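> Structure file upload.txt (compact mmCIF, C-alpha atoms) right here:
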```
# COMPACT_ATOMS: atom_id res chain seq x y z
CA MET K 1 109.30 79.92 180.49
CA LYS K 2 105.64 79.29 179.45
CA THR K 3 102.88 81.37 180.99
CA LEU K 4 99.33 80.42 181.40
CA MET K 5 96.72 83.20 181.65
CA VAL K 6 93.33 82.19 182.88
CA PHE K 7 90.38 84.37 182.12
CA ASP K 8 87.74 83.43 184.65
CA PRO K 9 83.98 84.14 184.78
CA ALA K 10 82.88 86.80 187.38
CA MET K 11 83.66 85.36 190.89
CA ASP K 12 81.60 74.48 192.97
CA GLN K 13 84.04 71.61 193.26
CA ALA K 14 85.48 72.32 189.77
CA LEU K 15 86.68 75.74 190.87
CA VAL K 16 87.81 74.32 194.20
CA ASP K 17 89.89 71.70 192.42
CA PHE K 18 91.32 74.12 189.92
CA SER K 19 92.48 76.43 192.66
CA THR K 20 94.13 73.42 194.33
CA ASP K 21 95.73 72.37 191.05
CA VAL K 22 97.08 75.90 190.47
CA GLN K 23 98.81 75.64 193.87
CA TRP K 24 100.76 72.44 193.07
CA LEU K 25 101.71 73.89 189.70
CA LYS K 26 102.92 77.27 190.81
CA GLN K 27 105.02 75.63 193.54
CA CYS K 28 106.69 73.47 190.95
CA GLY K 29 107.92 76.84 189.54
CA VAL K 30 105.47 77.63 186.64
CA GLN K 31 103.87 81.00 185.91
CA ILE K 32 100.04 81.02 186.12
CA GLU K 33 98.07 84.34 186.10
CA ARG K 34 94.28 84.68 186.63
CA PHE K 35 91.92 87.38 185.55
CA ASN K 36 88.35 87.81 186.56
CA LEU K 37 85.74 89.95 184.84
CA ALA K 38 84.75 91.40 188.24
CA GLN K 39 88.17 92.43 189.61
CA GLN K 40 90.28 92.85 186.40
CA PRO K 41 87.72 93.90 183.68
CA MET K 42 90.27 95.81 181.48
CA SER K 43 92.50 92.70 181.06
CA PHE K 44 89.56 91.32 179.04
CA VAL K 45 89.23 94.30 176.75
CA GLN K 46 93.02 94.80 176.31
CA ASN K 47 93.67 91.23 175.23
CA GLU K 48 92.60 90.78 171.60
CA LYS K 49 91.96 87.02 171.75
CA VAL K 50 89.91 87.48 174.98
CA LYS K 51 87.83 90.34 173.55
CA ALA K 52 87.14 88.39 170.37
CA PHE K 53 86.37 85.15 172.25
CA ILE K 54 83.82 86.94 174.33
CA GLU K 55 82.23 88.43 171.25
CA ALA K 56 82.17 85.00 169.54
CA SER K 57 81.26 82.71 172.44
CA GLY K 58 79.74 85.19 174.92
CA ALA K 59 81.03 85.61 178.44
CA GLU K 60 79.14 82.37 179.31
CA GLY K 61 81.82 80.66 177.18
CA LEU K 62 84.50 81.32 179.80
CA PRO K 63 86.99 80.28 181.24
CA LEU K 64 89.45 80.86 178.50
CA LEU K 65 93.01 79.59 179.00
CA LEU K 66 95.95 80.96 176.93
CA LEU K 67 99.38 79.36 177.10
CA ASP K 68 102.04 81.88 175.78
CA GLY K 69 99.22 83.78 174.08
CA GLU K 70 97.61 80.70 172.53
CA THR K 71 94.20 79.20 173.34
CA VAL K 72 94.59 75.80 174.90
CA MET K 73 91.12 75.43 176.58
CA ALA K 74 87.81 77.29 176.66
CA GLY K 75 84.54 76.38 178.45
CA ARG K 76 86.05 74.43 181.26
CA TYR K 77 89.04 74.10 183.60
CA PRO K 78 91.87 71.68 183.14
CA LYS K 79 92.69 68.78 185.34
CA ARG K 80 95.99 68.81 187.17
CA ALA K 81 97.45 66.32 184.65
CA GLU K 82 96.44 68.60 181.80
CA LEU K 83 98.28 71.47 183.44
CA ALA K 84 101.33 69.29 184.03
CA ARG K 85 101.35 68.22 180.38
CA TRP K 86 101.16 71.89 179.16
CA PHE K 87 103.99 72.87 181.47
CA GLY K 88 106.10 69.75 180.81
CA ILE K 89 106.24 69.09 184.55
CA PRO K 90 106.63 65.48 185.76
CA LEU K 91 103.63 63.93 187.57
CA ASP K 92 105.55 63.20 190.79
CA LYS K 93 106.42 66.90 191.06
CA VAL K 94 102.76 68.07 191.29
CA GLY K 95 101.41 65.35 193.60
CA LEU K 96 100.22 62.89 190.96
CA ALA K 97 100.79 59.18 190.27
CA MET H 1 72.95 81.33 160.70
CA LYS H 2 76.57 81.08 161.71
CA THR H 3 78.45 78.07 160.54
CA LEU H 4 80.02 75.50 162.93
CA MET H 5 83.26 73.44 162.43
CA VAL H 6 84.02 70.70 164.95
CA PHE H 7 87.49 69.18 165.19
CA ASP H 8 86.97 65.96 167.04
CA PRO H 9 89.66 63.75 168.74
CA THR H 10 87.48 57.82 171.04
CA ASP H 11 84.91 55.13 171.94
CA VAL H 12 81.51 56.69 172.80
CA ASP H 13 81.41 58.87 175.98
CA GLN H 14 77.75 59.96 176.34
CA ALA H 15 78.13 63.73 176.11
CA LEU H 16 79.52 62.44 172.82
CA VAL H 17 76.23 60.78 171.99
CA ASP H 18 74.24 63.84 173.20
CA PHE H 19 76.39 66.12 171.11
CA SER H 20 75.74 64.11 167.97
CA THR H 21 71.95 64.13 168.82
CA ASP H 22 72.30 67.91 169.15
CA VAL H 23 74.03 68.12 165.78
CA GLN H 24 70.92 66.58 164.02
CA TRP H 25 68.60 68.89 165.82
CA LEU H 26 70.70 71.68 164.41
CA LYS H 27 71.09 70.26 160.88
CA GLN H 28 67.43 69.17 160.53
CA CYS H 29 66.56 72.76 161.28
CA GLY H 30 69.00 75.01 159.38
CA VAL H 31 72.58 74.85 160.59
CA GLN H 32 75.70 74.08 158.61
CA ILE H 33 77.97 71.92 160.67
CA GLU H 34 81.09 70.14 159.38
CA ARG H 35 82.99 67.64 161.61
CA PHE H 36 86.63 66.58 161.19
CA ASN H 37 88.86 64.02 162.87
CA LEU H 38 92.52 63.14 162.58
CA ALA H 39 91.83 59.48 161.66
CA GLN H 40 89.73 60.41 158.72
CA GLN H 41 90.36 64.07 157.86
CA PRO H 42 93.87 64.79 159.34
CA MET H 43 94.81 67.27 156.48
CA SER H 44 92.14 69.63 157.91
CA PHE H 45 94.13 69.94 161.15
CA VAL H 46 97.10 71.38 159.35
CA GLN H 47 95.22 73.35 156.67
CA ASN H 48 93.02 75.24 159.18
CA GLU H 49 95.41 77.67 160.82
CA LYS H 50 93.70 78.04 164.22
CA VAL H 51 93.35 74.27 164.42
CA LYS H 52 96.95 73.81 163.61
CA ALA H 53 98.12 76.41 166.23
CA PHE H 54 95.70 74.83 168.79
CA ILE H 55 97.16 71.31 168.42
CA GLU H 56 100.70 72.67 168.72
CA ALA H 57 99.81 74.72 171.81
CA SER H 58 97.39 72.38 173.58
CA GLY H 59 98.18 68.95 172.22
CA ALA H 60 95.72 66.76 170.45
CA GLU H 61 94.57 65.70 174.00
CA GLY H 62 93.07 69.27 174.00
CA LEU H 63 90.34 68.30 171.50
CA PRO H 64 87.59 68.92 170.68
CA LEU H 65 87.89 72.38 169.19
CA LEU H 66 84.76 74.25 167.97
CA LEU H 67 84.80 77.23 165.59
CA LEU H 68 81.83 79.40 164.94
CA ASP H 69 82.17 81.36 161.74
CA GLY H 70 85.84 80.26 162.11
CA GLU H 71 86.20 81.78 165.56
CA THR H 72 87.17 79.70 168.57
CA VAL H 73 84.08 79.23 170.80
CA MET H 74 85.06 76.21 172.92
CA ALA H 75 87.85 73.76 173.32
CA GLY H 76 88.25 70.69 175.49
CA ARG H 77 84.63 69.54 175.82
CA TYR H 78 81.45 69.60 173.76
CA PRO H 79 78.69 72.25 174.11
CA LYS H 80 75.30 71.47 175.67
CA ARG H 81 72.15 72.17 173.63
CA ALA H 82 71.53 75.39 175.57
CA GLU H 83 75.05 76.58 174.63
CA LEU H 84 74.46 75.83 170.96
CA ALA H 85 71.11 77.58 171.25
CA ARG H 86 72.90 80.70 172.49
CA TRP H 87 75.60 80.51 169.71
CA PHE H 88 73.00 80.20 167.03
CA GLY H 89 70.40 82.63 168.40
CA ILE H 90 67.78 79.85 168.64
CA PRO H 91 64.84 81.40 170.63
CA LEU H 92 63.05 79.92 173.67
CA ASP H 93 60.03 77.71 172.94
CA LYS H 94 56.85 79.05 174.44
CA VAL H 95 54.82 77.18 177.01
CA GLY H 96 52.40 79.94 178.01
CA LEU H 97 51.56 81.61 181.33
CA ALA H 98 52.84 82.38 184.89
CA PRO H 99 50.38 84.30 187.14
```
Please render this file's structure as structure tokens.

Amino acid sequence: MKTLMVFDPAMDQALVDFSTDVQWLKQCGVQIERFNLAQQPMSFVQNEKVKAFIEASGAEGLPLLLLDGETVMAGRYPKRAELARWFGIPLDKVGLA
Amino acid sequence: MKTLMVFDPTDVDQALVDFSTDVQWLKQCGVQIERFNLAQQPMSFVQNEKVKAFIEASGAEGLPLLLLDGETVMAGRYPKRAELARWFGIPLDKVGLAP
């Protein structure tokens, strides 16, 4: 199944919401993994796309989201519907109308 | 100066209108910026490899996508002027003098 890796800034309603949205999504059975520059710094050096994004965009460009290794978003977090669409999960399964 | 390519998805947001104001500021003073959309330049979305992989991974709903010297720098929203200033190395304007 698809995996989303989220490379977060070191660490607002946006983040509050995302954390909520990650809960609905995981519980529908999807695989989401988060990495933070503060607690998992090597994950950022060891991933080639992440390293190169940070060189290109700067760390202020984060978050970077990769779905099965591919960039799908950078510079903000997705809405719950955006998540659902990436994961092919029906709306009514992740608390949305 | 790095070069910027913008792959655009709509009817006039606002951050849309600010971004296009920000584009002139950058063009009027130096920067090469090319913009592409699927209504007018759809061949560019298949011919640029990172753009093509992006659409397949994210969906076209994932636009915009911004490349700086062909490197992904943002996707899913437009950059503010201060972000562009950082990408391009545009220095702070001086005022002059705190105690």
> Measuring between all atoms listed in the file, which one of K:4, K:97, K:37, K:89 shows the shortest distance to chain H?
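Closest candidate: K:4.
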> Check every residue of chain H for an atom within 9 Å of chain K, counting all atoms listed in the file, and provide those that qualify as a list in words.
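Result: residues 53, 54, 55, 57, 58, 59, 61, 62, 63, 65, 68, 69, 71, 72, 73, 74, 75, 76, 77, 78, 79, 83, 86 and 87 of chain H.
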> Which distance in Å separates atom CA of residue 37 of chain H and atom CA of residue 79 of chain K, to one decimal?
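Separation of atom CA of residue 37 of chain H and atom CA of residue 79 of chain K: 23.3 Å.
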> Do you know which residues are at most 7 Å from segment 17-23 of chain K counting all atoms listed in the file, after dropping those on the same chain fewer than 3 positions away, and could you put them as an mmCIF file with C-alpha atoms, in the frame of the given file?

```
data_model
loop_
_atom_site.group_PDB
_atom_site.id
_atom_site.type_symbol
_atom_site.label_atom_id
_atom_site.label_comp_id
_atom_site.auth_asym_id
_atom_site.auth_seq_id
_atom_site.Cartn_x
_atom_site.Cartn_y
_atom_site.Cartn_z
ATOM 1 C CA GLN K 13 84.040 71.610 193.260
ATOM 2 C CA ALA K 14 85.480 72.320 189.770
ATOM 3 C CA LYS K 26 102.920 77.270 190.810
ATOM 4 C CA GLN K 27 105.020 75.630 193.540
ATOM 5 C CA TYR K 77 89.040 74.100 183.600
ATOM 6 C CA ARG K 80 95.990 68.810 187.170
#
```
> Provide the atom CA of residue 39 of chain H to atom CA of residue 18 of chain H distance in Å, to one decimal place.
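Between these atoms lies a distance of 21.5 Å.
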> Would you please work out which residue, of K:95, K:36, K:90, K:43, is nearest to residue 9 of chain K when using all atoms listed in the file?
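Between K:95, K:36, K:90, K:43, the residue approaching residue 9 of chain K most closely is K:36.
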> Box in all listed atoms of segment 27-35 of chain K, axis-aligned, with 5 Å more on each side; write out centre and edge lengths in Å to one decimal as JSON.

```
{"center_x": 99.9, "center_y": 80.4, "center_z": 189.5, "size_x": 26.0, "size_y": 23.9, "size_z": 18.0}
```
> Please indicate the distance in Å from atom CA of residue 33 of chain H to atom CA of residue 3 of chain H, rounded to one decimal place.
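Between atom CA of residue 33 of chain H and atom CA of residue 3 of chain H the gap is 6.2 Å.
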> Choose the residue, out of H:14, H:27, H:8, H:19, that has the smallest atom-to-atom separation from residue 41 of chain H; count all atoms listed in the file.
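Selected residue with least distance to residue 41 of chain H: H:8.
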> Which one of H:67, H:98, H:47, H:10 sits closest to residue 84 of chain H if you count only C-alpha atoms?
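Comparing H:67, H:98, H:47, H:10 against residue 84 of chain H, the winner is H:67.
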> Give the answer as one residue: which of K:94, K:87, K:7, K:29 has the shortest atom-to-atom distance to residue 45 of chain K, using only C-alpha atoms?
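Of the candidates, the smallest distance to residue 45 of chain K is held by K:7.
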> If we count all atoms listed in the file and set the cut-off at 9 Å, which residues sit around residue 31 of chain K, ignoring sequence neighbours fewer than 3 positions away in its own chain? Please answer as a list in words.
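Answer for this query is residues 1, 2, 3, 4, 5, 25 and 26 of chain K.
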